[PDB]
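Have a look at this one before I ask anything.
A, B, C, D, E, F, G and H are the chain letters, set down in written order, and residue numbers restart from 1 in every chain.
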Amino acid sequence: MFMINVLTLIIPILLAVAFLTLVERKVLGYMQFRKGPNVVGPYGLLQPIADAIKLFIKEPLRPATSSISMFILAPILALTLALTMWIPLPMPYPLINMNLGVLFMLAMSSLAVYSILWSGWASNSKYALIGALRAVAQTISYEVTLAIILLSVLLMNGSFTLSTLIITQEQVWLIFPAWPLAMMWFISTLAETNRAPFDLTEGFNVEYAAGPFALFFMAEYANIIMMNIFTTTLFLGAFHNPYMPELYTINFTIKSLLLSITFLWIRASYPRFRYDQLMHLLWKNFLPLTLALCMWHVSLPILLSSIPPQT
Amino acid sequence: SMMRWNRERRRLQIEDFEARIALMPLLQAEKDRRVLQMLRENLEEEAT
Amino acid sequence: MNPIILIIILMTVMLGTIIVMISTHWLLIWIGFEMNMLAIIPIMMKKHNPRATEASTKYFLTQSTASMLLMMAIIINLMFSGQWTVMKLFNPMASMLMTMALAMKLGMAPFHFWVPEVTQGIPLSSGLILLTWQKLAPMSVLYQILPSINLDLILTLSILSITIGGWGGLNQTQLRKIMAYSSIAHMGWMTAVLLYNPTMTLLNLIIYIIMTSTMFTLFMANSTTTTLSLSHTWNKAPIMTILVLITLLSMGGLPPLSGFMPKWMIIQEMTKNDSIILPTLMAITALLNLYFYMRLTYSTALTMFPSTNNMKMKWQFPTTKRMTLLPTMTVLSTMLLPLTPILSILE
Amino acid sequence: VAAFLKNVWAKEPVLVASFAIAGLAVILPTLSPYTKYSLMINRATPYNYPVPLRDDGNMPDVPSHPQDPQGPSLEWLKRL
Amino acid sequence: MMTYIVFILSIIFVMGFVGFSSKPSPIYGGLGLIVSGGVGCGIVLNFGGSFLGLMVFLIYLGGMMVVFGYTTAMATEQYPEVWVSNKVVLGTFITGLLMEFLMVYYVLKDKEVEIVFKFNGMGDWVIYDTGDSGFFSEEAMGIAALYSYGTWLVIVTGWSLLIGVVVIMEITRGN
Amino acid sequence: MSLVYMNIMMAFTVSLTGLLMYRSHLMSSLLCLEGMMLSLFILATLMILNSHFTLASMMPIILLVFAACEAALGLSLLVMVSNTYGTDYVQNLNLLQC
Amino acid sequence: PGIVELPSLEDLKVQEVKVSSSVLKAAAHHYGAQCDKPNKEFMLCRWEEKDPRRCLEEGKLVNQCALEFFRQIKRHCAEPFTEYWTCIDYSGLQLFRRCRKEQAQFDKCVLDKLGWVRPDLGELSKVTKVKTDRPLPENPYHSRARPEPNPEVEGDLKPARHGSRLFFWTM
Amino acid sequence: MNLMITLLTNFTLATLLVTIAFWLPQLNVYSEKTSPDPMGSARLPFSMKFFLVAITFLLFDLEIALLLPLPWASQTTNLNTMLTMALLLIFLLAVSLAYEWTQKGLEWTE
């Protein structure tokens, strides 16, 4: 009965990642004054299935790998860490209800750079290795402000429990007392997944075939949907009636779709940063403000007597 | 808003903790009889 | 190096040694050793040449291995005692591990194989710090755990340290490696008398630090790193010529100089405890140290003199170098023997 | 000290905002009246069991039942 | 079988270090140390040390072993390996890892049960749930006490981290 | 003594034997050293959680942080070696024989 | 060593309170109000004796007074209590804050039919004083006598006789 | 237990999708192709800046590891000491950042 619940989590994740490609191409279509896919299925609803069957029978490149084991374990780790970030997410009750789900997600996302690094070393190219090292440096850079912003917000929560984060926001959204943390969190999650305007990989895993590239691709989009849902729970937490959980489920679904389309609407609006310009954005703009707001959200529940409950 | 609601949640935490405190004598007496039951059973099966 | 950063780093070295000296807890002992190593690593790389990077790498590897063995000894103590007081250890396995780890931090033989290398790779002031200040923290931990130190192990390490620091001084023309093998021999001397009277351990430590600091201060005043470069001191500064060599006659262990003060007192505490063979052997090996270091004394005060013509230019310039405490440390390293019963202040 | 402040607010508003937020986070917990209530709520939160005392005979400040007058009361927390 | 699980992980943990103490390469050495960190974290998590296991993942593995793999990947110039079609490029990997789990299951033999059954821990070893603790992880509150009780510890730790930043920036300059 | 503690000590001694027999690289030395640090973390954590000794639960984190900072220092040393020779080979570190 | 004296199975038998935890949490504050005295005499015996074997009968007194707490709910107000603990029982964390109208009905029916006042916030966490006739334990750790300390130093400090007595130094 | 089953199912689905992604187009007998990028035979030069940002990540990540028990430390009784040490840790993280600033450590990846 629990394995049924694991399958009903992981199969709709893959279906939602499949149709996120359609939603991305349609929304980027209409924002670019054009249409997106509408020929393949009715209004394009068979374009993800056609793209998947195309990528999964495409020829493997016969890759001259510098290692077998890291070449295989980078998509495996990418998909496993793409799926295991979902299991503490409260929707309104998670698959794995754990007391440290926030810290669990921060740890499993900090482990997600090894897929990039092992894909980089598993290629023979020095240029692909340089691009992978740049991507790893970018991602571990923005994980710093992920951790500090996340800590600063959870100083209003009481604990690292994600289900408690629904109880915290029953009177007001947590974007009202923490909107600078919200906007820096949102740009930081934008810069984690190498999403535009932080996508200098399209400006490292091309040693793979088109199939394993589809695996890294769907792991990246599962991370995009997951960080949008986690931002929804973290700042725009919905109303929850324990006798009708579908109210919370429809509410955070609508907010997660709007935030994912906000990613799609940011990527069709801005040019890319140069690499040192987003290192400047992290280390010289987001990090002083983030440390000051960390001091502020430490010392503020003490001065307002609004220290949240531990339990 | 977070001020009023964190203060109310602290009052609710104190209410739950006082429920725990009112229940701890019964749970402690049942725990004592639990462990003495199991040790008497282990003693008798050790003797046989 | 930025001088404010130098002051901060030197105070951090002193702070790490002080945290090892004042703490009643094992985690703070380990923290003080970690702080001491972390801060002393740029002192070795003051000049930024490949020999300093090699020396700092060897020093990092040895001191990191000693730090992890120290933490394993602490963890085994927490198994068999459930507590953290810096006192005697409650397992001879943890006692053996902490004795081995402190012998690695001191560079006692057979863990001596990093001491003549690293001292060769680094400048003279950083070698001065490595051979004077870095002895103070592991000798303090050995002072605090001596009810658990195995007798046979500390005597084995002591006599092996004295023999290897003796036979290391033959084949050397480098002044820094000679100070390093003298370091190894004197650490064998200090840990010989540790389980019998640790006041003589502290006396040997203080006299050793005074003599080593006098020698490195003279080496910095003359900017000489080898025996052959030391041999030109008679023509440049003739007062510098003999002070090096009466200080080194002290460092051998030779009356009436104060470097005869530790070893004799060490023998004076080991013939009480019915060990006659062991101080006899250790001080015969100290005579072997006298043999090689007296050959160096003959090298500087006598035969191999000759100068070069550019020395004539150095006659028109005095030493503007800071010879800090060098008359004080030269007086305290020779003429202290008539004040030998001052050692009661070290109880 | 004022034209320099306008200059640094023109050039670098991020660092001005950071130092202002950090300065307020330092000074404002002492300038606040509600800071003592944080201390009072955290010391009145009962994580343990309130172990009773043997009645020796002369303890006027210690009650005999939770619904007694004497004892530490949280009327201030209920009202605020 | 399920009872001895911590012990099983510990055996794998020991075998994990034999993955890289024999030192086949620094890159496979990092890979073996990551797998060993995961299984030692499993050992930690199965005593109720949830925060400490997440410090293994977040700080040891995702914080420091990322930097070890990063610095290793900026050295040790690579070279290709066998890249025949799928009967070599993945089939040998699967047969090798099946032989690795064969080696894991292979050590639980008659020379092991003389140590396991004479010194049976499972049944009386894992005693972290001995009675009630209350409304709090004792390990969480012990880590929380770093700020009220650990004033000197936090001072010397933050000073060592500041000195670590200064020391790295001084030695990595070359001037 | 106990069994799982003997396993963590066995891992510590195995990574010690790997730390005491160098093959080619300095990164192998740093990896064996940090495997030693990992085993110290595991064994300290199991002792501290076993005895329910509460205040020592901050101790392994301390044992992490310093030592991880220590590893950072070691990595920087390796880098300077690899900026002089091009490799991190321990046989390039033999100029201090004389 | 000595044989540990475990009491018999017949000395442990009591009429248990066989209700679930949501029944106990819905009936927690009135239990803390009305069953105060044998509960606190038991927990005072439990923290003073540090041994459950000497805390048996007082514990049974708890299990004598808990059931008479619930029977007096079962005779008068079993239906508002059942409607209240069902809504307590629904929730995962068993929130008091989800069940306020059933709480008001249970408190109203209890204050009417029995006259019990639900305690204020802050009262059940009080340290109370307990009057007992049982004695104070003179050695609850069962410890033996401490070893005697070393004799301290005393008296006026005289100078050292003929100095240090170090081989030839006369001072 | 449920967590281990969930991790095992996620790992099995990942390995199954990788195995399908490798073995399904290797049914094809397409072509054995020959004749094997911005460098052809150049070695990798080391870059000091990437290592500086990696070690900067590691040191600030250790400072974050210290900062992590703050939502639990807010519940303590000695709030003045707790607030002083929390502000002291975040201030030392800021002092490490300012020293990384002024010694040109954040340059050419600022």
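The working rule: a residue touches a chain if its C-beta (ideal position, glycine included) is under 8 Å from a C-beta of that chain, and two chains touch if they have at least 3 such contacts.
Here's who's who by UniProt: A = NADH-ubiquinone oxidoreductase chain 1; C = NADH-ubiquinone oxidoreductase chain 2; E = NADH-ubiquinone oxidoreductase chain 6; F = NADH-ubiquinone oxidoreductase chain 4L; H = NADH-ubiquinone oxidoreductase chain 3.
Shared contact partners of chain C and chain D, listed by label: E, G.
With A-B and B-D as the two chain pairs, more C-beta contacts join A-B. Mean C-alpha position of chain A lies 57 Å from that of chain C.
With centres defined as mean CA coordinates, chain E is found 26 Å away from chain A. Work out the mean CA point of chain E and of chain H, and you get 16 Å between them. For the pair chain G and chain H, the distance between mean C-alpha positions equals 48 Å. Across the assembly, chain E contributes residues 51, 55, 58-59, 63-64, 66-67, 70-71, 74-75, 85-86, 89-90, 134-136, 141, 143, 145-146, 150, 153, 157, 159-161, 164, 166-168, 171-172, 174 that each touch 2 or more other chains. Residue positions of chain D with contacts to 2 or more other chains are 22, 25-26, 29, 38, 41-42, 44-47, 49-50, 74, 77-78. Among the residues of chain G, those touching two or more other chains are numbered 32, 40, 43, 119, 121-125. Checking each pair of chains for touch leaves A-B, A-D, A-E, A-G, A-H, B-D, B-E, B-G, C-E, C-F, C-G, D-E, D-G, D-H, E-F, E-H, F-H.
Against chain C, the residues of chain E that register as touching in their complex are 152-153, 156-157, 159-160, 163-164, 166-167, 170-171, 173-175. Of all residues in chain D, those touching chain B in their complex are 41, 44-47, 49-50, 74, 77-78, 80. Chain G meets chain B in the complex at residues 6-9, 12, 14, 16-17, 24-25, 28-29, 31-32, 35, 39-40, 42-43, 46, 52-53, 55-56, 59-60, 62-63, 66, 95-97, 119, 121-125.
Interface residues of chain H, counted against chain E in their complex, comprise 19, 22-23, 26, 32, 43-44, 46-48, 50-52, 54-59, 61-63, 65-66, 68-70, 72-73, 75-78, 81-82, 85-86, 88-89, 92, 95-96, 99-100, 103, 105.
Taken in their complex, chain D has these residues touching chain A: 14-15, 17-22, 24-26, 28-29, 32, 34-35, 37-38, 41-42.
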